[PDB]
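Novice: This one's a deposited entry, sequence included:
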Amino acid sequence: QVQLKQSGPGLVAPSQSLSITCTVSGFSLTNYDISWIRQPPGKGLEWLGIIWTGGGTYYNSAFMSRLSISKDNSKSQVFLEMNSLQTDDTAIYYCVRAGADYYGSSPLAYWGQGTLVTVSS
Amino acid sequence: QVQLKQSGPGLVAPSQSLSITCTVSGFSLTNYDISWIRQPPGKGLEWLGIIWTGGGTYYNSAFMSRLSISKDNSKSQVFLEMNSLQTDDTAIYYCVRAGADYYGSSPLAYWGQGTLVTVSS
Amino acid sequence: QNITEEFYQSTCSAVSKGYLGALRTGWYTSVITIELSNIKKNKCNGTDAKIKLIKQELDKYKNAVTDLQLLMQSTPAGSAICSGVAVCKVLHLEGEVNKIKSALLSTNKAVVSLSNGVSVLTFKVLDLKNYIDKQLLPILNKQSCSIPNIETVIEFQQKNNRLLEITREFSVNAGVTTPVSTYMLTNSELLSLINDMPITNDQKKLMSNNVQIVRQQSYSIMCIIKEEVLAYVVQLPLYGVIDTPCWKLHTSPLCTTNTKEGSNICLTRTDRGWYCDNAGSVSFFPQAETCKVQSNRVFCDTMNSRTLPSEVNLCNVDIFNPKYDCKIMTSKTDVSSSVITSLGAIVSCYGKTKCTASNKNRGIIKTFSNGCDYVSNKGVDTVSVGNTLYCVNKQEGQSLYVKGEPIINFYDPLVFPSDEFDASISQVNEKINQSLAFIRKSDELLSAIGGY
Amino acid sequence: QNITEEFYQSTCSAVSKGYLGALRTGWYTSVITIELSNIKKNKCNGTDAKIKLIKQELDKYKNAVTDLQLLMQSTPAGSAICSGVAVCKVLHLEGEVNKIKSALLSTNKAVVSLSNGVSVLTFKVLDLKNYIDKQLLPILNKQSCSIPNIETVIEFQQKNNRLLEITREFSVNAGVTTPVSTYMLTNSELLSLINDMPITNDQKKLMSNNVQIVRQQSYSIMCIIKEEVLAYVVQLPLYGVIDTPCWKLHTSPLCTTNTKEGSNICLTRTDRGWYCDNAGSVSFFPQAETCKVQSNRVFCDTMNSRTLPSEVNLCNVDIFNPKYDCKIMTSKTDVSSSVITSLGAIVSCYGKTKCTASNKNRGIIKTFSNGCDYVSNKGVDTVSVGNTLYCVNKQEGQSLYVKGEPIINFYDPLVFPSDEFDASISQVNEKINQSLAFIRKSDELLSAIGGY
Amino acid sequence: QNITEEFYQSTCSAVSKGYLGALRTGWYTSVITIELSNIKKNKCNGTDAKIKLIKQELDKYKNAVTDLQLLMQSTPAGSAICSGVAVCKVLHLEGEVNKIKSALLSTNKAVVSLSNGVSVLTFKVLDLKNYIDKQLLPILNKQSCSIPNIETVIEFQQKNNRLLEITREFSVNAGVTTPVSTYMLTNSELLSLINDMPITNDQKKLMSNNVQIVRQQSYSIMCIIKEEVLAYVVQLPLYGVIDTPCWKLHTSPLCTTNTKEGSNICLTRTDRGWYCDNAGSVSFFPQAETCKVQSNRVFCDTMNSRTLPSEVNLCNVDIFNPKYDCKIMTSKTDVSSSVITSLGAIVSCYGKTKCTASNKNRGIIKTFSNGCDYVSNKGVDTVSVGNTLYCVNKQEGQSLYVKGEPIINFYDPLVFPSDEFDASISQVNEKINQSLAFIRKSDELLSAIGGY
Amino acid sequence: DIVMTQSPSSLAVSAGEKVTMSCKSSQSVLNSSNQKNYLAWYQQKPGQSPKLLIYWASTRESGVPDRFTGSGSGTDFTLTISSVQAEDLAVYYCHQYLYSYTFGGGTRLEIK
């Protein structure tokens, strides 16, 4: 089987930096893309960038100035960090997966357990 | 028709820099070379360098250290400047034209109206 | 994902399988602009060594500007430079450079629509105008030439350095440089540009995974130096297809095993090279230079490819398939030769030449017989034929040896054609038919001789 | 100036006329010299990092000198190197370097005559001896070894940088570098050198108009490091002909329109390439790499050129003219292909391949039929054949389409030759006749069947 | 030493002699390593210009490291790497980088045995890790962040410059860069590598005499970047044969002297190129690009060579010897052309073309007749054919002219073959016999017209 | 970016009935490379992470019930539940992953 474990604080004061780590198990990071989706309470999901198999990233245009996604292959870990977090950014963060350069990839199949983030002082 | 108009002072005290500007009309500077011929009083003509269509210049070996010919295509203008002018260099200056690489058109047909240059203090 | 080489002794050709190629089918032009300063006159008087160094750097900058103006005089400097040339001419029109300047004033990246009707992304890699006007221009204007900080000079040099390296690479190449160096476009800037490109997510992922091939396939065209703007078009590739099934075909001469010299007829499949799937048709790449190969993905370029119907694939597993006509070459030279495939080596030995296969630890382990035979890539690390030494690669993957009767056997050497660069199975068949028709015409001649 | 590209459907060949070419037919060699310093011993004892940097730069200079000495050991390193080699050997004679050394002690340019009887200009681009001996040598000599200013170190590095880059280029290129970089000869120095060449005014003007082509056609041969002199021969081209009428010829395959496979006979004129007028004879350039093009002005190199009688000109407008016998090839492969001319494009479609011509705003606008057909460059912007894509260059000028019956029609497929490379119309007229003679004598044979 | 260039007018072929040879038969891969520092976080809070420059240099270093990591992602990046990539994956195995890192701690050069069973020499060219950790890392750690002096910034730039240029070359060449630059391996370090290579002392001497050819034949494959190590395999050549007698063969077309067009049959021996002696067999080099030529030693490379029996040498002095069957080409085009040998030139004139030989002072001195004729290198300095011009090299050595009847005379033009890429005397004579059999059959037929 | 428009916002239903929701795209979500359509239907139960139901609107993920099998083309797709269950009380999102990654409003199902 495969699994994703999420670590790091959820609550953060406004206009600070929020960090989080998704540690994977059951597959090689050098073969699986790892996105980061966000669900505000009582609202649908929205995309918050991605980091490819080669280490490159494609941030969302709205958060491109604050979002930051990194990856380490040896530990099989992914790191997400956001800056200048404001009240609107309270949500639940999921370190969802992806597949290959094909449709038959199970686009967003195995999602993390989900980490709540309440942005308040 | 084509025309060449010369502007700038002719009288200059010895050992100074003399400037002059020949503005052309009726043709494109990017197609016609423009020499700068000199005629001392009571003495035939002599050559004082040239500026090609591409902006390069070929000065006379005698005045190569003082002569300066520049050009600009946008306003279709040519500029001449001589340094360390002395008494001997009083003459009449002509911003004569040229033709193409094949010589088969008007070597020195259209000359300027002529600018006198009396070098004295 | 797993490469399964298959060697067919019927033609003794090695066809690889299971490649995930990505054909290049388009171009995208980014107008990379640098903000120069139209400074030509020096007014301050300073004999200091630092001031002399600053003036030397400014002279180098002015000479670079003049060289770029000469390159513009060389401008405009298929499908490789057109859109670069097209943007070169568009920027020459009045107001286009001004609109680029106005759009890029606010941000280092923008999308600008020009009079030609095409909108392109413009990237301000270097702002030399701001540095020149704000830092060294005030010192150059004042008569004091007050420079108490040496570092600025070095900083200036650094800020100037790229431009010089931009000019130099241009000057030797007359405004068309490939591959795009790290001076035309930094890898960080290139990666940031791939995200602003109007493409799918798959294309961004593909060209972010393999960024070096993007540089190898890219271009940089001098366009225009004017109005304190140095604009060159970086023409990045565009991969319309991604992860398509691609496979390579290596071919080696197949000659008769006759010991007597002269009866050697060699049949080599000429469709050697790469094949990819694209829009239901096979893109064939004969030249091995165009198709770069990463670990498993065969990046290619349809700039010189040939479209073919799908049944050409059926010619690989079936030589005599009526669907497609395979292309072969008939020659007489039976020189022993070897080709190192991805998962082994094909070795053709004829005449008195010796061929050996050796391992690092076990020494020479195999001796090759007459004909073309294939050796795997594990347990055999080198192959020496005559005096030459080809190293067998150590790539990991399944390899299959298929027992096949040589196709040269069913063709009689006397009627077999010679030195035919490109032919076809039906083409050689009809050549044989015409030769046999001449044979039976001669038979009729001697029949008439006997009867009369 | 007015490029009148005429396309002939008789052979479907596009001839672009009205080019003002400038052939090159010789070289002028300048002995570019750098005054080095024969310094090998360091008497400095200083642990300061500035003195360490000075010593490191001096060590780099010494290693560059040693590398240049190795390159001289490699010296002597058609018409490409002869003049450089000849001056290389002459400078090796006793005193020949000394006269150049003693002739430039007052000026940076002079024409010196050597023992070979040739007088050449000797530019002195860099004077490293003066800087080394007058600035850092006194610092090294004193036991204090106090470097006064860091800008002295920076200036030393900047001056030495040209020599280091020259050494790097020579080492990677084994002493012969082309195109001449801006380190061997700056564009300002090259422009000043063209004025001192003993040539016409037209040659100087043409060279000053196109300096980039001069660099592309230039050379820089390392000659000698000796007697505190590093001399390399920069042999610039020389254009004995200027503004001659030059024209290009592009050819495309012409095959039968029959859809059935095997009946397509392809003819393609093999005289493609450039032609120029020179001394009453036509200089022919078969490959397009030699003849660069810049704004209707073609520049060509005569080393690969072939002289031809003027009558070859009427070959272009009349392939059956008895004055000249043009060159063609006969092949069987009828692959659809496109060739991009100067004012349009020729496209040959056969079989089931599809060919389209499209404008960027109107989409697909034209569909091509079987055969070779030509399209202009205005109103049509792209041509896609099968899966591959080609342009049409945006060059402006009159383009003429000439209605011509395909010459392949008069050539019967049964007697048409195959896989030919450099045949000719008079070459291909009797081997067919012999073929019919082969028929004729075979016409006797069944007559021998009939009449006995 | 004495180059005895002998020209044979029989086939008008020029064979040089007296050439020493140094064949390349092996590779030696040295793991050149650079000690990087794994620094990713900057703790400085200073806004000084020197601190800004330091941060810019560190950012350039980090971007270079990231580019090298991308190049590693391109790794493994045909023995030219087959032996080179075998060390890359060995270094990928756990602990294999650590053993090199530990062994090279004491000395900057050490022989290290790896898990593959092969021991290779490792050389620490640049210790960037020590410089980064000991000089600028303490400055970064402190909150003050005060650079001691700008000379430290300049030294950091100079040290990082080699790594930046290494990364630039790797990025533009995708890792495999050749020839090995002076940034990959300095000439002094290359000489030390040759000294410490286990080889015959003759090989050490030969490599020390010609280091430029070593660089031209070398390679530099990017292997790995990991664990604060940047390892690239520099695989130098290995010359197993030294001072072997080698010889060149230049061939020129030999066509009929008839002025009438169409009757000229051209014979040109296709075995042209270099030959060397090696283990009792002749190594033949089809193209002249592989065999670099020094003053007398023709360094070569057997990676493309072909082994041949010894008696092929007897082919040069006797083309009709039954020992070896030489290779020729039978074409029809009789274009006048010249080939410049080592001690003169062969010039072939046919038709109406004119050929002249001229001296610098005496001017034009000789006019060439129809056929192929050879002119020495002393007393003649230039050869002009038609409108094109070549030299004759002024190399010093004996040249012998041999009177030989044209072999093309013995071949009848009617039965002579055409456009044959590579024939042989046995092949030509057997096809001549076949054509004569055909004419004999036609004679039998015309006789069968009678007889009854 | 391509905007997702899914309807209805809420869909009350009784067990055993039939439920159909419609998702529309601003631009075509077809790919010219693999000739596929890049849309996926996800089901999110309350207090639970989303579960990938279908991709391409045709092929379901492994381990999901067969009652969910939609279809569509171009810019119009529809998801239909053959047999509504009391335990299938969840919010359903249609998602495109061609030119970017975006989600719809969320169709709500309530049993009765």
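Specialist: Now that the structure is in, tell me what you want to look at. Numbering: from 1, shown residues only, chains lettered A, B, ... in the order given.
Novice: got the contact list for residue 56?
Specialist: No chain was given, so I picked chain A. Contacts for residue A:56 (C-beta atoms under 8 Å, 6 or more residues apart in numbering or on different chains) come out as C:191, C:205, C:208-209, C:211. Every C-beta, even on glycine, is put in place using the N, C-alpha and C of the backbone.
Novice: if you could check chain F rather than the one you did, that'd help
Specialist: Going by C-beta under 8 Å, 6+ apart, residue F:56 touches A:103, F:36-40.
Novice: Ignoring the adjacent residues along the chain, who's closest to the residue in the stretch 101-250 of chain C that chain D sits nearest to?
Specialist: Residue of the stretch 101-250 of chain C nearest chain D, by C-beta to the nearest C-beta: residue C:174 (4.6 Å). Spatial nearest neighbour of residue C:174, excluding adjacent residues (C-beta to C-beta, 6 or more residues apart in numbering or on different chains): residue D:212 at 4.6 Å.
Novice: Same question for residue C:151.
Specialist: residue E:49 (4.6 Å).
Novice: most distant residue from the middle of the chain?
Specialist: All of this is about chain A. residue A:121 (22.8 Å; C-alpha atoms, centre = their mean).
Novice: My question was about chain F, not that one.
Specialist: residue F:33 (23.7 Å).
Novice: Residue C:277 is in contact with that residue, correct?
Specialist: No. Using C-beta atoms under 8 Å, residue F:33 is not in contact with residue C:277; the gap is 10.2 Å.
Novice: shared neighbours of those two, anything?
Specialist: Shared contacts of residue F:33 and residue C:277, defined by C-beta under 8 Å, 6+ apart, comprise residue C:244.
Novice: Mind checking if stretch C:248-258 is in reach of chain E?
Specialist: No. Using C-beta under 8 Å from any C-beta of the partner chain, stretch C:248-258 stays clear of chain E, coming no nearer than 11.6 Å.
Novice: buried residues in that stretch?
Specialist: Counting neighbours by 16 or more other C-beta atoms under 10 Å in any protein chain shown, one finds that the buried residues in stretch C:248-258 are C:248-256.
Novice: how much space between residue C:362 and residue C:381?
Specialist: Here residue C:362 is placed at a distance of 9 Å from residue C:381 (C-beta to C-beta, to the nearest Å).
Novice: between the two, which one's more packed in?
Specialist: Per other C-beta atoms under 10 Å in any protein chain shown, whichever of residue C:362 and residue C:381 has more neighbours is residue C:381, with 20 against 10.
Novice: Enumerate every residue touching that one.
Specialist: Residue C:381 makes contact with C:358-360, C:391-392, C:394, according to C-beta under 8 Å, 6+ apart.
Novice: Output the residues you listed in CSV, with neighbour count and secondary structure appended to each entry.
Specialist: Output for the contacts of residue C:381, formatted as CSV (neighbours: other C-beta atoms under 10 Å in any protein chain shown; DSSP: H, G, I helix; E, B strand; the rest coil):
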residue, neighbour count, secondary structure
C:358, 17, strand
C:359, 15, strand
C:360, 12, coil
C:391, 21, strand
C:392, 27, coil
C:394, 14, coil
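Novice: Run through the residues you listed and flag the ones next to chain B.
Specialist: Of the contacts of residue C:381, not one also sits near chain B (C-beta under 8 Å from any C-beta).
Novice: quick check, nearest of those to chain B?
Specialist: residue C:391 (53.8 Å).
Novice: Chain F: which of the contacts of residue C:381 is nearest?
Specialist: Nearest to chain F among these: residue C:394, at 33.0 Å, using C-beta to the nearest C-beta.
Novice: okay but that closest one is in contact with residue C:380, surely?
Specialist: No. At 10.0 Å, residue C:394 does not count as touching residue C:380 under the criterion of C-beta under 8 Å.
Novice: what about the nearest residue to the residue farthest from the centre of chain F once chain neighbours are set aside, neighbour count?
Specialist: Excluding its sequence neighbours, the residue lying closest to residue F:33 (C-beta to C-beta, 6+ apart) is residue C:241, at 4.7 Å. The local packing of residue C:241 (other C-beta under 10 Å) involves 25 other residues.
Novice: And for residue F:66?
Specialist: 8.
Novice: Which helix or strand contains it?
Specialist: For residue F:66, there is no host helix or strand (DSSP states H and E).
Novice: got a list of what it touches?
Specialist: F:60, F:82.
Novice: Just give the number of residues close to residue F:43.
Specialist: The number of residues packed near residue F:43 is 20, by other C-beta under 10 Å.
Novice: Kindly report the residues of chain C close to chain B.
Specialist: C:69-70, C:73.
Novice: my read: residue C:14 touches residue C:250, true?
Specialist: Yes. Assessed by C-beta under 8 Å, residue C:14 is found in contact with residue C:250 at 4.5 Å.
Novice: list the residues that contact both of the two?
Specialist: Shared contacts of residue C:14 and residue C:250, defined by C-beta under 8 Å, 6+ apart, are found at C:339, C:341, C:346.
Novice: so where does the residue nearest to the spatial centre of chain A fall, helix or strand?
Specialist: Closest to where the C-alpha atoms of chain A average out (C-alpha atoms, centre = their mean) is residue A:36, at 2.8 Å. Per DSSP H and E: residue A:36 is located in strand A:34-39.
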